[PDB]
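Trainee: here come the first chain(s), positioned as in the complex:
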Amino acid sequence: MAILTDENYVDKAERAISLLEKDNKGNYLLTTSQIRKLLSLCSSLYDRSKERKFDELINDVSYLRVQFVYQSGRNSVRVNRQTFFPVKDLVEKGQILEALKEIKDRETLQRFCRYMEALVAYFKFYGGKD
Amino acid sequence: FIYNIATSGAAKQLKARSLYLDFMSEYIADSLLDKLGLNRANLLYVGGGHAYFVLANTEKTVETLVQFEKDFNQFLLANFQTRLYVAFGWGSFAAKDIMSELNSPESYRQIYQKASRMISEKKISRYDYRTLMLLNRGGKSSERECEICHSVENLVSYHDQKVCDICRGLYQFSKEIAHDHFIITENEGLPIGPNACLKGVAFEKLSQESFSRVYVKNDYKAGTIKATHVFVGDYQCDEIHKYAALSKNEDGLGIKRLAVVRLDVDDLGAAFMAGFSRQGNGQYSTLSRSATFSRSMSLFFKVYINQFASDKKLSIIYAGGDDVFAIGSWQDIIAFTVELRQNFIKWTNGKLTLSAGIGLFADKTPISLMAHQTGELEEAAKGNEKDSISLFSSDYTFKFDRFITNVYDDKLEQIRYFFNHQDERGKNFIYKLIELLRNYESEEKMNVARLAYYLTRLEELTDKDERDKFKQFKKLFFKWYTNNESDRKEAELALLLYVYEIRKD
């Protein structure tokens, strides 16, 4: 059973973005600057997947996963005397960590990169600041 | 004959041939009436190459019709070979066939159907054995041809071009179309009939000319000279070769292009045959109301279109019956077409519709190509269950009311607005929103996401609080994108129109 298919990843990103936690003012706690490195690495991986074979891309996928968990554990915002982890929440609700483990070829890698692009598009569509 | 022009000077020729052929039809009608000793009172309808008459049912009338048709067919064979061909038609009927209290609908249809069938049979079989043998005699060694109509007969040199006699006469008459008086002489002017030529002559010289009949164009006033009055749509703002440059405004805004519109009344012949027969169990099928319908369309399309075209940078080349041909700057062409359609739908209470094709073209485009492509667009608009307008290709075919209400006066307005508030850096997303509308069937749901993203970027590339104003576009163009395909096509056409309006080149 593959969580990310060619038919529902956009809807998955939509539901994930709708489920992201917000502030007392309705503003998104996650910012694009918190995930800027993750998005750059996803774009470079997507660009490189078109020509290079998946054999030399495994180190890049591993580093991408390492960056995802590091940003999940690193970014934290304290508001109203309460702390939150916006990147960790985005990863959990968007179901990203185990979506990375199913990257076994070029098709799964490009599916994940398109899923991340959809997540960013719907995050910006709902008031996600930069 | 009107539209086949291949070289420069095609505008002057084009209008001259349109007027020449309308006057050919009028002269055919008047000479046929003169040969029988009748007058224009017997003429029910003349225009578009079609004319109807009520005549006495005598053997002399049939004879005079046959001999007149033979003589004019010989004249057409001599002067234009097989390009033009006239076919005559007639059906015998009684008084009781047209009185509403005594007639029935199918007989009032059959009185037209007999003449129509006989005209069709004469059109199928045109020339006899002797005429065909005379045409196929060959034996002419001509090195050179006419540069406009490619005719070989009577080639002459003029302005270092090689024109035939008819082309020569039409070039001469193109300078005479500015006058309002046109006389019929025996050998001076464009040959319009057997031993009869048409010459456009100014008023002050009319006392110095010999003629058999005189015509006055676009005048209701009974002048000092007893003349036959004709009405044609002849509005002209400037020359056709200037219309491409005239689309630019005072600030230089606007694409350097021109447009040609061809418009047609929907089911005009069905309207004439049985348009009134729907009410009163067919009691409304007589000659009088059909011919009042004909005069209503004649006054709408030969006199009134000139008022609809007032203060517009365009020229109405052909306007008679149901076919309308106009050419000018593209904005004025679109506005003229919309205004004409609205005034028609108000004139006829909604009961008859139009179909329109509006082709865009660049400077110096040969007129035959423009006419052909615009005819294809008109046919495509007809194919959309009629009552449709097709702009610049077959892909943007809309119902006229949909194009008017939703595109021209709704979206294009709600785009000029927001998009005159964005710079050139943000007036490029207009191209991007076009591509996402042309590519929705690929990647339907991520093409929508790609939109949400790209729309919220135009609303950040804006200016301080000018951006609290582009917060509407995002909500607006999003729902236009997500409703259905018709609004996507409407938004696509609106964006293309705005791009053509604000182009600086």
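Mentor: That came in fine, so what should we check first? Numbers count the residues shown, from 1 in each chain, chains lettered A, B, ... in the order given.
Trainee: return the residues of chain B in contact with chain A.
Mentor: B:445, B:446, B:448, B:449, B:450, B:452, B:453, B:456, B:457, B:460 (CB under 8 Å from any CB of the partner chain). Quick note: C-beta positions are derived from backbone N, CA and C, even for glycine.
Trainee: the spatially closest residue to the fourth one that is not a sequence neighbour: neighbouring residues, count only.
Mentor: I take that to be residue B:449. Excluding the flanking residues, the one nearest residue B:449 by CB to CB, 6 or more residues apart in numbering or on different chains is residue A:121, at 3.9 Å. Residue A:121 sits with 24 neighbouring residues when counted by other CB atoms under 10 Å in any protein chain shown.
Trainee: so residue A:121 belongs to a strand, correct?
Mentor: No. Counting by DSSP: H, G, I helix; E, B strand; the rest coil, residue A:121 is not part of a strand but helix.
Trainee: is it true that it touches residue B:453?
Mentor: Yes. Counting by CB atoms under 8 Å, residue B:453 is a contact partner of residue A:121 at 4.0 Å.
Trainee: do a quick rundown of the strands in chain A.
Mentor: Using DSSP state E, the strands of chain A run over residues A:77-79, A:82-84.
Trainee: centre of the chain to the first one, how far?
Mentor: On the basis of CA atoms, centre = their mean, to the nearest Å, strand A:77-79 sits 21 Å off its chain's mean C-alpha point.
Trainee: tell me the helices and strands packed up against that strand.
Mentor: Secondary-structure packing of strand A:77-79 (3 or more CB pairs under 8 Å, 6 or more residues apart in numbering or on different chains; DSSP states H and E): strand A:82-84.
Trainee: which helices and strands does the strand it packs on pack with?
Mentor: Counting contacts by 3+ CB pairs under 8 Å, 6+ apart, strand A:82-84 is packed against strand A:77-79.
Trainee: on that earlier part again, just the buried members of the residues of chain B next to chain A?
Mentor: B:445, B:446, B:448, B:449, B:450, B:452, B:453, B:456 (16 or more other CB atoms under 10 Å in any protein chain shown).
Trainee: among those residues, which lie within helices?
Mentor: Among these, DSSP state H puts B:445, B:446, B:448, B:449, B:450, B:452, B:453, B:456 in helices.
Trainee: residue nearest the middle of chain A, spatially speaking?
Mentor: Centroid-nearest residue in chain A: residue A:116, 5.0 Å away (criterion: CA atoms, centre = their mean).
Trainee: before we move on, back to that, and the strands of chain A as a markdown table, adding mean neighbour count?
Mentor: As requested, these are exported to a markdown table (neighbours: other CB atoms under 10 Å in any protein chain shown):
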| stretch | mean neighbour count |
| --- | --- |
| strand A:77-79 | 11 |
| strand A:82-84 | 11 |
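Trainee: put chain C onto that model:
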Amino acid sequence: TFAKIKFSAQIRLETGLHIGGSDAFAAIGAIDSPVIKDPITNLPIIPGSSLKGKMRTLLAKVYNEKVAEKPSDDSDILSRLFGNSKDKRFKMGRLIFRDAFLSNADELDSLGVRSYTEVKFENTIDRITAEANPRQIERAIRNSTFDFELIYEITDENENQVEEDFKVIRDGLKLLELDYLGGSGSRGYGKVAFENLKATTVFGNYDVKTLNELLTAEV
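Mentor: One more piece, chain C, placed on the ones above:
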């Protein structure tokens, strides 16, 4: 000997190509400078008129031995292959060009492209006021390939010059690789390469082994 040789190749673009078509003809294009396309598949094409004109212009700088103000006072070499309307003996040439349609749309789809054409944004900077006026030009994607296929006809009383004409054609193709195809190629557009450039006889009988090896050697 009446034969027809068919130089077939894949024109692979190495930079973006802009042959350019009429705004309202090649579909109504929003961009200011659209490229020419197929009327059905809407894929960019390289018309045979483009290749013929560019090859004739390139070989007009080599095989002419003089200058010509019109394509009528041209060399016998160019007239015999491209044709000359005012010469009785070369009223039609021995070369027949064909439109080059897109041949690797599948490979481009597999790579991941969304469009077979791109928008390049340039500007001009005023030499006095230093203000930049932007501009957009539509190009065909770099790795697009097109099926080139050019036919040369060999007839009786024409076999003497064949060994010359071969060379001419080869030179022209080389020059088409050393120059740009139609567009703004002095600024980087339109550089092309020929792949699998081989010639086969398709009607009649001829020896194309030496020509085939020289096509790969001389190029």
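Trainee: and what packs on strand A:82-84, now that chain C is part of it?
Mentor: Under the contact rule (3+ CB pairs under 8 Å, 6+ apart), strand A:82-84 is packed against strand A:77-79.
Trainee: residue contacts, residue 11?
Mentor: Looking at chain A here, since you left the chain open. residue B:445 (CB atoms under 8 Å, 6 or more residues apart in numbering or on different chains).
Trainee: the intended chain is chain C.
Mentor: C:46, C:100, C:145, C:146, C:147, C:148, C:181, C:192, C:193, C:194, C:195.
Trainee: now the helix or strand containing it: buried residues?
Mentor: Element membership for residue C:11, per DSSP states H and E: strand C:3-13. Within strand C:3-13, the residues that count as buried by 16+ other CB under 10 Å are C:3, C:4, C:5, C:6, C:7, C:8, C:9, C:10, C:11, C:12, C:13.
Trainee: equivalent analysis for stretch C:149-168, please.
Mentor: In stretch C:149-168, counting by 16+ other CB under 10 Å, buried: C:150, C:151, C:152, C:153, C:154, C:162, C:165, C:166, C:168.
Trainee: next one: that stretch to chain centre, how far?
Mentor: Stretch C:149-168 has its C-alpha centroid displaced from the chain centroid by 19 Å (CA atoms, centre = their mean).
Trainee: show residues contacting that stretch.
Mentor: Counting by CB under 8 Å, 6+ apart, C:1-9, C:51, C:59, C:63, C:77, C:80-81, C:94-98, C:100, C:169, C:202, C:204, C:206, C:211, C:214 sit against stretch C:149-168.
Trainee: of those residues, which belong to strands?
Mentor: C:3, C:4, C:5, C:6, C:7, C:8, C:9, C:95, C:96, C:202.
Trainee: quick check: the first one touching residue C:204?
Mentor: Yes. The pair residue C:3 and residue C:204 qualifies as a contact (CB under 8 Å) at a distance of 3.2 Å.
Trainee: thinking again about what came up before, and which of the buried residues of strand C:3-13 is nearest residue A:54?
Mentor: When these are compared for distance to residue A:54, the smallest value, 25.7 Å, is given by residue C:12; criterion: CB to CB.
Trainee: just to check, the closest one is in contact with residue C:141?
Mentor: No. Using CB under 8 Å as the test, residue C:12 is too far from residue C:141 to be in contact (10.9 Å).
Trainee: out of the contacts of residue C:11, who's nearest residue A:60?
Mentor: For the contacts of residue C:11, the nearest to residue A:60 is residue C:145 (29.3 Å; CB to CB).
Trainee: beta partners of that closest one?
Mentor: Under the criterion DSSP bridges, residue C:145 forms beta bridges with residue C:12.
Trainee: okay, now it: neighbour count?
Mentor: Neighbour tally, residue C:145, other CB under 10 Å: 20.
Trainee: just checking, it touches residue C:10?
Mentor: Yes. Using CB under 8 Å, residue C:145 is in contact with residue C:10, at 4.6 Å.
Trainee: and chain D on top of that:
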Amino acid sequence: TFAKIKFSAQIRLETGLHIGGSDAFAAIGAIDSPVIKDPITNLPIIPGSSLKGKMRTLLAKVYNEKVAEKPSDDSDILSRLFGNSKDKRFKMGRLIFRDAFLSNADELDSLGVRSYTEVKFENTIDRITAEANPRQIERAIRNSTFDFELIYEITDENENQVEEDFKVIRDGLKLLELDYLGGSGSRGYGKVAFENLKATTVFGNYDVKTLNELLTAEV
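Mentor: Adding chain D to what we have so far:
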């Protein structure tokens, strides 16, 4: 006689290069001033229009006896090299520029870089309120290299001017090295160097020995 010479080099950036595309046609990334990229590989490129324009602007400062208010008012030495749409004899300039594409992507990967474009974070500080407004713009990686090719044609007219044209080409390359390539180069961008600058005759017969020695000694 007719010949074509190919100046070849590697454009190695000494600072980050930002030529710049369009914010409309960018990716789904965050806020950036995107550079122009290839549609296939999404790698940064150096369009030949940028090189041509920078070279013509720099050489107008040197070889124009009078300050030219338009490129049409350039001297004959620059009009014959870069072309002139308002001159009958200079309609086709004899210089052909090409788009330069990234050439050491494997070397960059062996150096462990993960993106071929970086993001540079700057700010502007108000002179009174002293509030810092931030911004971030995209740059090509510093030690990237691009394949530079420049094709120069020699005809019957050019033979007496080949040496002067080579001198102008060398001056343009040196001036490009001493200036920036298109971007925010007054603030430290676009510094480039031309490496392995050699000229090879790709068509016709010509002797570029002394020219190659001049390229190696001067560069």
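Trainee: once more on the neighbour count of residue A:121, with chain D this time?
Mentor: Residue A:121 has 25 neighbouring residues, counting by other CB under 10 Å.
Trainee: one more: residue B:104?
Mentor: 14.
Trainee: phi, psi of it?
Mentor: When read as degrees, to the nearest 10, the backbone of residue B:104 gives phi -130, psi 150.
Trainee: could you do residue C:74 as well?
Mentor: phi -100, psi 170.
Trainee: the nearest residue to it once chain neighbours are set aside: neighbour count?
Mentor: What sits nearest to residue C:74 in space, not counting adjacent residues and going by CB to CB, 6+ apart, is residue C:68, at 5.2 Å. As a burial measure, residue C:68 scores 12 neighbours (other CB under 10 Å).
Trainee: list phi and psi for the residue in chain A sticking out farthest from the centre.
Mentor: The C-alpha centroid of chain A is most remote from residue A:81, which lies 27.0 Å away (CA atoms, centre = their mean). Phi and psi for residue A:81, reported as degrees, to the nearest 10, are phi 60, psi 30.
Trainee: can you pull the residues of chain C lying near chain D?
Mentor: Close to chain D, as judged by CB under 8 Å from any CB, chain C has residues C:15-16, C:61-62, C:67, C:111, C:113, C:115, C:118-122, C:124-125, C:127-128, C:141-143, C:174-175, C:178-180, C:184-189, C:191.
Trainee: ok, which of those also contact chain B?
Mentor: Checking these against chain B (CB under 8 Å from any CB), the matches are C:115, C:119, C:121.
Trainee: so can I have TSV of those residues showing neighbour count and distance to residue B:103?
Mentor: Shown next, in TSV, are those (neighbours: other CB atoms under 10 Å in any protein chain shown; distance: CB to CB, whole Å):
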residue	neighbour count	distance to residue B:103
C:115	13	65
C:119	22	68
C:121	16	72
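Trainee: before we move on, back to that, quick one, what contacts the residue nearest to the centre of chain A?
Mentor: Here residue A:116 is in contact with A:38, A:39, A:42, A:96 (CB under 8 Å, 6+ apart).
Trainee: next one: it relative to residue B:12, how far apart?
Mentor: 64 Å (CB to CB, to the nearest Å).
Trainee: what segments of chain A are helices?
Mentor: With helices called from DSSP H, chain A shows them at A:9-19, A:36-49, A:58-74, A:86-94, A:97-101, A:106-125.
Trainee: tell me the most buried of those helices?
Mentor: Neighbour counts (mean count of other CB atoms under 10 Å in any protein chain shown) averaged over each of those peak at helix A:106-125, with a mean of 22.
Trainee: what's the angle from it to helix A:9-19?
Mentor: 40 degrees (axes from the mean of the first three to the mean of the last three CA atoms, to 10 degrees).
Trainee: what residues are up against residue B:488?
Mentor: Contacts of residue B:488 (CB under 8 Å, 6+ apart): B:437, B:440, B:480, B:481.
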